[PDB]
Amino acid sequence: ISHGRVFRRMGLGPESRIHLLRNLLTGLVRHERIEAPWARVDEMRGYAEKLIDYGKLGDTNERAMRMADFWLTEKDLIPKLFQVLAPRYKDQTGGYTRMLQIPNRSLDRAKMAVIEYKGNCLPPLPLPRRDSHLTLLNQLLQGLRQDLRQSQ
Amino acid sequence: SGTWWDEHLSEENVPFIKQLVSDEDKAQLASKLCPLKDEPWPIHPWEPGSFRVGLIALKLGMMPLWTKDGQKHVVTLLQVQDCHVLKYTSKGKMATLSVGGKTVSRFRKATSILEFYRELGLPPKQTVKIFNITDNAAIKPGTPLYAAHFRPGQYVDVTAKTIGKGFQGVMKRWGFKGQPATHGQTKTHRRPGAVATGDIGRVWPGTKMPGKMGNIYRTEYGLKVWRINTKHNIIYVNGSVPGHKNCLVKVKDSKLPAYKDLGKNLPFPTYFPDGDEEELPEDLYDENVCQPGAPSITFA
Amino acid sequence: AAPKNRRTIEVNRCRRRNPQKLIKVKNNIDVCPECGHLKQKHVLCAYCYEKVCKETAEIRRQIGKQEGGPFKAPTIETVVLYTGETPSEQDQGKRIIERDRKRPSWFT
Amino acid sequence: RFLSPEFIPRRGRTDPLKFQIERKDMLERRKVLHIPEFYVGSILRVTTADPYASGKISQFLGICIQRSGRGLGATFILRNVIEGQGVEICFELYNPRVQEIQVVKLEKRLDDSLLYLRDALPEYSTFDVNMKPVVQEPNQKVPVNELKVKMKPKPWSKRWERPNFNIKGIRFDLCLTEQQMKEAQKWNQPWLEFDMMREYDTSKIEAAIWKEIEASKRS
Amino acid sequence: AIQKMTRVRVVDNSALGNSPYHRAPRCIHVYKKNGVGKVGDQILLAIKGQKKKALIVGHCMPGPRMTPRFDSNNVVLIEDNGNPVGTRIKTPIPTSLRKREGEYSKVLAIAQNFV
RNA sequence: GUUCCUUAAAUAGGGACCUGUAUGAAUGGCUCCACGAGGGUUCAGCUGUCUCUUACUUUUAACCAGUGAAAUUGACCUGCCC
RNA sequence: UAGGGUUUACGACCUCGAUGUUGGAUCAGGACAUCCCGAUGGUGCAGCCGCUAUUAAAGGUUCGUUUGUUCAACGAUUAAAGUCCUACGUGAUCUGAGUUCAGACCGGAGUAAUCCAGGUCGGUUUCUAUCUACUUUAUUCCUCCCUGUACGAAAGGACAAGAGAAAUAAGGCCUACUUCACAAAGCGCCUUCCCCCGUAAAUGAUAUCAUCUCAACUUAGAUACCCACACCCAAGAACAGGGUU
Ligand SMILES: [Mg+2]
Ligand SMILES: [Mg+2]
Ligand SMILES: [Mg+2]
Ligand SMILES: [Mg+2]
Ligand SMILES: [Mg+2]
Ligand SMILES: [Mg+2]
Ligand SMILES: [Mg+2]
Ligand SMILES: [Mg+2]
Ligand SMILES: [Mg+2]
Ligand SMILES: [Mg+2]
Ligand SMILES: [Mg+2]
Ligand SMILES: [Mg+2]
Ligand SMILES: [Mg+2]
Ligand SMILES: [Mg+2]
Ligand SMILES: [Mg+2]
Ligand SMILES: [Mg+2]
Ligand SMILES: [Mg+2]
Ligand SMILES: [Mg+2]
Ligand SMILES: [Zn+2]
């Protein structure tokens, strides 16, 4: 039974799971894009959310410094995480990253997905563009909204 | 190809449609509020051999409740969300009445259900637990069933889906002692033993075996009510209710022998705020329930 | 355990020829507005994804050629500029990544 | 501000209406009684109204070990060695009885749960039953009486040597050796401290609780 | 929960529980349909190789909330009618045994301290 | 087996007796300070063996991709009671 | 005179191209030749305690030691620690404490080897589910006014009814106690709803009385559950089920 149980299983235990999560977070902070299975993808996204929150809490804080040092073994990535990814998103609240599913792999045929912070400099991924506003149903809804506005 | 409403809509029409649906639902609820102001059908008095309509609430959680005798009594919380009558069918045994529960969005529903709910002035509901009633009590469909239907000092039976444990083994599905762990177990620590003797070349139907535990409808009898809230529409049922938090439950009247004629002071059809009744306070307390804000009791 | 008798071709078919094991026909395939290689709902296109992957590969190659050895990653953002295109006056401190060829029909 | 830890709700995913009703009931109950501020390790004095006892009002003194539960199920265990034997009563902070809840000494200690006093000599638990309280000065910081408590020999009842509990109040230099310390540290889990996904942010919840308390007090 | 074979700590002023012995006085059988025993239930205790009755006066595990919880299995000797054996009880007795006032009246009057 | 102790409860163990009519003194008999993964009992401490078990990690377990078989098979359209 | 093969024996009908054996752990299905709770007659039945006979399978048949034991002895109980068949139930659910084996002794028989319906030390317990069959339908001890009454000479001490807490099993929950930690649980809490065929008594004919009637007759004599793409889930192996304002 696993009712209301969060955090899935990955490696040979919680230690290996957190190690893989830290490695993926470091690789993402380095390249800003990684292909991982959907489970690990969402786990890394949820972890990077709190990581960005901590980085935004403050740089002089010792707790945030320790968290960054423990979650970034590359060392050289902590200054970047603190002085590039923190001020750039100083206007947003908690909405960061971007989840997009990859079709399939070539060997094990895994359900991979993409991860990347909003903005950045890498090319933009083909986001799922919704239907245009000049279609039939869209025009009908626009006319209905106009009629409702004219009524009141 | 399978399509959905949130597909061919732009980023400027989704919130507009959401607000439109919310406003329509609110208007329908406001119109269905006042029941007696339309056609409440003939209201008959209470009789010995008759029943009344129940409720469909939401099991919030559990909290303790003390009494003047200085004892602890477990009490649950059932929120009566909406809860309205859908239809009514007479005599193939006794008169029935359909009642709704929690509200559900009108997008992931069937076409027949959508049409049936459009024919009436209410939105679609989640579950539909039909109750048994006599011909004496008959309220027009669509009327609201507030939480004031029940009163303190009455036994109520609750039934709903239990917390399913999945395809569990035997020790959890039936409480078997099973084999020990040593002297001299090697492959048996939670498995069962024999099945049905030896000469029996088959297995007797109904033999306790591993399977899906829970996730079934179970009824409870002998649960007393201690308090009823009129503002938030909450019920205080003693004991535990089968199910999980925020789970729809079926509420009605008890069937015990000693608790079959005490429905004299209770309303025969349902609670009608449009009175001719005088509004009730924040909540009605029992004679043995220690109300909050009162001084510390003393046995002197 | 051991089979007491031999299974039949009929039972074998009934076991394997059931709709449960048969592959189900999915209807999540749609045409992509760009290129045109029938993508899938809730999934990115294959050609566009491969193009973005190649672009990221080239960008990383150029970054490594510029940064040199490992253990770098400065504390300044980046700006990818192709042939020509005068750098904007806004991104002054952001180091430029001089790229070849022209801009594609999807980079903005 | 202080804000008792019994008002903040758990990290569950239930309906906020239940927690609202629980907080309203707790406020209505406190309107009669008082329930002053107190942390773990403070000497209290509960006066229950037991019926079967020499007199309805029954007093008792002890140190608060832990305060678990939420809503009306808020309780606290009071330990006190009287006549050599140790007694532990679980008084609930929301009962129809309990005439008064006086406070003798406001303390905090280092650990959030003094459950290790069972495996310790009675010297660190014997206290007078008829001792007068002490004033905490006109609004002063909570004094943290940092002190090491001597424990009984190795035979314990919960293995307080492991770091999973995090006590930092047991003198391990006068009881345990180096091999035992190493065996206990072997069970350490450094990945639990840096697990940001395990914390429970209770800032907005605490603000809403304080706003509701202020609104109830205004009425 | 004083079950069978439980090193119970005797607390009486008699020559049985106070006298030394090469073995701790372990329980025998609980006078109840179940093996578990709470406060107020009778139990047979073995002292000096005998089989004398006794009475549960508080258990080590915590039962309800209002009642107390001792660190040792306090027990007071008793006879068939009871008719307690000891003469003075120094340790405190919980207030739960005062609900009878008929089955064990002398035990409450002989007790000095109370919770 | 008689009898005392050992457990409140002892075909278990130890202490003295032989109608041991089939024990017995290099087919070696009886004591004895050391020692035996040899065979038993037992005083203070215990470990979920039990009273009454659960929660968690790994392999295992369930689906997706492939290499991919043993023992065995008279054919099976393969039920219950008398 | 009638029914059984629970025990010891008679023959060896299938089984030596294998029915694997006694016990122990859990799991139980059926039967009364019934220990009781349910209902009665008799009694060497004044009442509690006793015995016999009729019906009852809705239930249970404790905790431990010596003992390999199925058997037998002992301490505390309870209305109770019953019997039999199910391959002397259950080893493709588990162990071998003896029993079927290879080694060594103790007493004896035997030149010797060797043997004991005599004892001891330890003595590999293998199988990937092919098919049949299966996988969620009530009760009781104690206590109290009755009562220390009826009974009874005195001791002693009744049924029936009502009220309060506890005991097997079944159905639920984490908010209070505990393992704990956005869960699941028990050591904690709630509920469990109607009989059971053998006798006790009128009027009345065979047999005008009398007669309870394998004559015609008058009294003690089922209700409730369930029924309109993609993400998350208290639902879950997939599927299936609920939600996505
Ligand atoms: Mg894995
Ligand atoms: Mg077990
Ligand atoms: Mg094993
Ligand atoms: Mg093996
Ligand atoms: Mg312990
Ligand atoms: Mg033994
Ligand atoms: Mg040697
Ligand atoms: Mg495969
Ligand atoms: Mg044979
Ligand atoms: Mg054969
Ligand atoms: Mg065979
Ligand atoms: Mg019979
Ligand atoms: Mg057998
Ligand atoms: Mg078999
Ligand atoms: Mg050996
Ligand atoms: Mg085996
Ligand atoms: Mg199968
Ligand atoms: Mg077959
Ligand atoms: Zn494309």
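Residues numbered from 1 in each chain as written, not as in the entry; some residues may be left out. Chains lettered and ligands numbered in written order. Part of a larger assembly, values for the part shown. Heavy atoms only, no water.

Method of determination, as given in the entry header: cryo-EM; reported resolution: 4.4 Å.

Before going further, it helps to spend a moment on the interface of chain A and chain C. One widely used convention gives an interface's size as the accessible area the parts lose upon coming together. The interface is formed by 22 residues belonging to chain A together with 22 residues belonging to chain C. When the two sides are added together, the surface that chain A and chain C hide from each other amounts to roughly 2,100 Å², 65% of it contributed by carbon and sulfur. Area buried by chain A at its contact with chain C is led by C121(A), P123(A) and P126(A), which between them contribute 26% of it. The tally of links from chain A across to chain C stands at one salt bridge. Salt-bridge contacts for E77(C) lead to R88(A); the nearest nitrogen and oxygen are separated by 2.7 Å. Where chain A packs against chain C, one counts four residue pairs in polar contact. Of all elements in the fold, only α4 (77–83) and β2 (100–101) of chain A reach the threshold of two or more residues within the side of chain A that touches chain C. (Contact = heavy atoms within 4.5 Å. Buried area = accessible area lost by both parts, 1.4 Å probe. Salt bridge = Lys/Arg side-chain N within 4 Å of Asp/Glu carboxyl O. Polar contact = N/O pair within 3.5 Å; in protein donor to acceptor, adjacent residues only side chain to side chain. Helix = DSSP H or I, 4+ residues; strand = E, 2+ residues; numbered from the N terminus.)

All names here are of chain B. Nonpolar side chains collect at one region of the surface, where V195, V203 and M209 lie side by side and expose about 220 Å² of accessible area between them. With respect to the helices and strands, the residue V195 is situated in the loop between β7 (166–168) and β8 (211–213). We classify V195 as partly exposed; its relative accessible area is 45%. (Patch = residues over 30% accessible without salt bridge, like charges linked within 9 Å, V, L, I, M, F, W, Y side chains within 5 Å. Areas by Shrake-Rupley, 256 points an atom, 1.4 Å probe, with all protein chains shown as cover. Buried < 20%, exposed > 50% of the residue type's maximum accessible area, 1.4 Å probe, protein only.)

The full set close to RNA strand F counts 34 residues, and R9(A), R190(B), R6(C), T8(C) and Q3(E) are the nearest of them. Sugar and phosphate atoms represent 80% of those atoms of RNA strand F found within 4 Å of the protein. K172(B) places a side-chain nitrogen or oxygen 3.0 Å from a phosphate oxygen of RNA strand F. Contact distances for RNA strand F include 2.9 Å between a sugar or linking oxygen and a backbone N or O atom of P3(C). (Near = heavy atom within 4 Å.)

It is worth spelling out the coordination of the zinc ion (ligand 19) at this point. For the zinc ion (ligand 19), every protein donor is listed as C32(C) (SG) and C45(C) (SG), and the spread of their distances is 2.5 Å. A residue pair is termed long-range when its members are at least 10 positions apart, and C32(C) in the loop between β1 (29–30) and β2 (39–40) and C45(C) in the loop between β2 and α2 (46–67) qualify at 13 residues. (Donors = N, O, S within 2.8 Å, 3.2 Å for Na, K, Ca; no water.)

Residue and element names in this part refer to chain E. Of the two faces of strand β5 (residues 74–77), the one lined by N74 and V76 and the one lined by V75 and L77 are each fully buried. Relative to β5, strand β1 (residues 9–10) is paired through two bridges, and the arrangement is parallel. Bridging across to β5, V10 finds its partner in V75. By the bridge criterion, three bridges tie strand β4 (residues 52–56) to β5 in an arrangement that is antiparallel. Directly across from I56, in β5, lies its bridge partner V75. (Pairing = 2+ DSSP bridges.)

Okay, the protein's contact with RNA strand G next. In the region of RNA strand G, 118 residues are neighbours, and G164(B), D199(B), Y221(B), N28(C) and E92(D) sit closest. In the interface set of RNA strand G, defined as its atoms within 4 Å of the protein, sugar plus phosphate atoms amount to 67%. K212(B) places a main-chain nitrogen or oxygen 3.2 Å from a base nitrogen of RNA strand G. Within the backbone of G12(D), a nitrogen or oxygen atom sits 3.3 Å from a sugar or linking oxygen of RNA strand G. In terms of residue count, the dominant contributor to the surface near RNA strand G is strand β9 (residues 217–229) of chain B (six residues). Here the residues of the surface near RNA strand G sort into 41 nonpolar, 39 polar and 38 charged. (Nonpolar A, V, L, I, M, F, W, Y, C, P; charged D, E, K, R; others polar.)

The next thing to look at is the interface of chain B and chain D. With 28 residues of chain B in contact, the opposing surface of chain D contributes 23 residues. It is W66(B), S296(B) and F299(B) that lose the most area in chain B upon contact with chain D, and together they represent 26% of the buried surface on that side. Along the contact surface separating chain B from chain D lie zero salt bridges. At the boundary of chain B with chain D, the tally comes to five residue pairs in polar contact. If you list the elements that add at least two residues to the side of chain B that touches chain D, you get β1 (55–66), β2 (72–79) and β10 (234–238) of chain B. At five residues, the largest contribution of residues to the side of chain B that touches chain D is made by β1(B).

Residue and element names in this part refer to chain B. Taken together, three strands build an open sheet; the order of strands is β3-β4-β5 and the sheet is antiparallel. The strands lining the two open edges of the sheet, one partner per strand, are β3 (85–89) and β5 (129–133). With direction set aside, neighbouring strand axes in the sheet form an average angle of 25 degrees. Bridge count for β3 against strand β4 (residues 95–99) is three bridges, and the pairing is antiparallel. Its bridge partner being in β4, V85 is matched across the sheet by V99. (Axes fitted to C-alpha atoms, helices over the stretch in contact; angles between N-to-C directions.)

Bringing the pattern of salt bridges into the picture now. Per the stated rule, a full pass over the model turns up 39 salt bridges over all chains. We note a salt bridge from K31(D) to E28(D), for which the minimum N-O separation is 3.0 Å. Judged by its relative accessible area of 29%, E28(D) is partly exposed. Here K154(D) makes a salt bridge to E161(D), at a shortest N to O gap of 3.0 Å. Taken together, the shared-partner salt bridges connect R79(D), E88(D), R118(D), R69(E) and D71(E) into one network.

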